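Below you'll find the structure, written out as structure tokens, and then a few comments.
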Ligand SMILES: O=P(O)(O)c1ccccc1
Ligand SMILES: O=P(O)(O)c1ccccc1
Ligand SMILES: O=[N+]([O-])c1ccc(O)cc1
Ligand SMILES: [Mg+2]
Ligand SMILES: [Mg+2]
Ligand SMILES: [Zn+2]
Ligand SMILES: [Zn+2]
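In the deposited numbering, the protein residues as written are 43 to 270.
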């Protein structure tokens, strides 16, 4: 029988799915965490792990059974358990992993396994193409410090979709979540930069809420303005 801790999948576009897994840090309750699976020709690319290696394995199994194409690579959007909690699974599966250079530097401080490869960014925010080879439709943008110093974002070329990770909250959210590692001065402008980077994206995907309109960007930025 399917159970609560099992990952759930939603098709967002012909070649894109959202995976959601409900994980559980002590002190606090369990929370849902989302990433993406993208079909690019004869291969699959992932954005973020699940919050645990077990749930990540269950995703790779689903991918194998439902898509049956090899996962060529994964890009993980910052060094916290929810996005990088499944690095061991990805590496056991032979998947090439990519993260912000900064994420890889923070990973041992945050108790997560670093990605194999480091992305660097121009002063514009855009990934340097020599660090993101054969990314296909994944367009990686560093919007500046927000949720964390290292948080990155991903646009999906040929689609409606951009992925904001834990940077973005949905249009009904009443909080930005945990701010203990947030850059409260830069958060608002970073959210706006993400918006300006992906102006064609009408479907905003994010870590802890279901996909929303571009009003999630505005709503998140205007909550963040109150922190300055
Ligand atoms: O994450 P789920 O797709 O199982 C969900 C949960 C409550 C309402 C709608 C969808
Ligand atoms: O969204 P955060 O990266 O603050 C988080 C959420 C659940 C578990 C660990 C980290
Ligand atoms: O054999 N494995 O790499 C495993 C085994 C169990 C698990 O939950 C995840 C990965
Ligand atoms: Mg683990
Ligand atoms: Mg920490
Ligand atoms: Zn985080
Ligand atoms: Zn998160």
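Every residue, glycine too, gets a C-beta built ideally from N, C-alpha and C.
Exercise for the section: Only counting runs of 4 or more residues, tell me where the alpha helix (DSSP H) segments fall wholly within the segment 183 to 243, in order along the chain. Expected result: 229 to 239
Practice task
Using DSSP bridges, identify the partner residues of residue 181.
Solution key: 197
Problem - Span separating the alpha-carbon of residue 223 from that of residue 154 - result: 16 Å
Handout entry: beta-carbon residue 95 near ligand 3 non-hydrogen atom, thresh 7 Å
Key = yes
Exercise for the section: Please indicate yes or no: does the CB of residue 223 lie closer than 7 Å to some heavy atom of ligand 5? Expected result: yes
Practice task
List the endpoints of the continuous alpha helix (DSSP H) containing residue 255.
Solution key: Taken as a continuous stretch (DSSP letters only), residue 255 belongs to no alpha helix (DSSP H), as it is neither H nor E.
Practice task
Identify every residue that forms a DSSP beta bridge with residue 142.
Solution key: 161
Exercise for the section: Using beta-carbon positions only, say whether residue 60 and residue 52 come within less than 8 Å of one another. Expected result: yes
Exercise for the section: For the beta strand (DSSP E) containing residue 62, list its first residue and its last residue. Expected result: 58 to 66
Problem - Nearest to residue 194 (by Cα), restricted to the options 176, 202 and 164 - result: 164
Exercise for the section: Indicate, with yes or no, if ligand 2 has a heavy atom lying under 7 Å from the CB of residue 159. Expected result: no
Problem - residue 142 versus residue 116 - alpha carbon distance - result: 12 Å
Practice task
State the Cα-Cα distance for the pair residue 253 and residue 176, rounded to the nearest angstrom.
Solution key: 26 Å
Exercise for the section: Check whether the Cβ of residue 130 lies closer than 7 Å to any heavy atom of ligand 4, and answer yes or no. Expected result: yes
Practice task
Spatial neighbours of residue 200 within its chain, please: CB distance less than 6 Å, with the 5 preceding and 5 following residues excluded, ordered by chain position.
Solution key: 179
Handout entry: Boundaries (first-last residue) of the beta strand (DSSP E) holding residue 44
Key = Counting along the chain, residue 44 falls outside any beta strand (DSSP E), and DSSP gives it neither H nor E.
Handout entry: Residues bridged to residue 109 [DSSP beta-bridge criterion]
Key = None, per the DSSP bridge assignment.
Handout entry: Any non-hydrogen atom of ligand 6 closer than 7 Å to residue 133 Cβ
Key = no
Problem - Sequence-distant residues of its chain with Cβ nearer than 8 Å to residue 64 (five each side left out) - result: 46, 47, 72, 73, 74 and 75
Handout entry: Reduced DSSP secondary structure (H/G/I, E/B, other) of residue 151
Key = helix
Exercise for the section: Give the DSSP-derived three-state secondary structure of residue 269 in the structure shown. Expected result: coil
Exercise for the section: Check whether the Cβ atoms of residue 197 and residue 240 sit closer than 8 Å, and answer yes or no. Expected result: yes
Problem - Cβ-based neighbour list, residue 131, same chain, cut-off 6 Å, excluding 5 preceding and 5 following - result: 95, 98 and 99
Practice task
Can you tell me which of 169, 150, 168 and 146 puts its alpha carbon nearest to the alpha carbon of residue 159?
Solution key: 146
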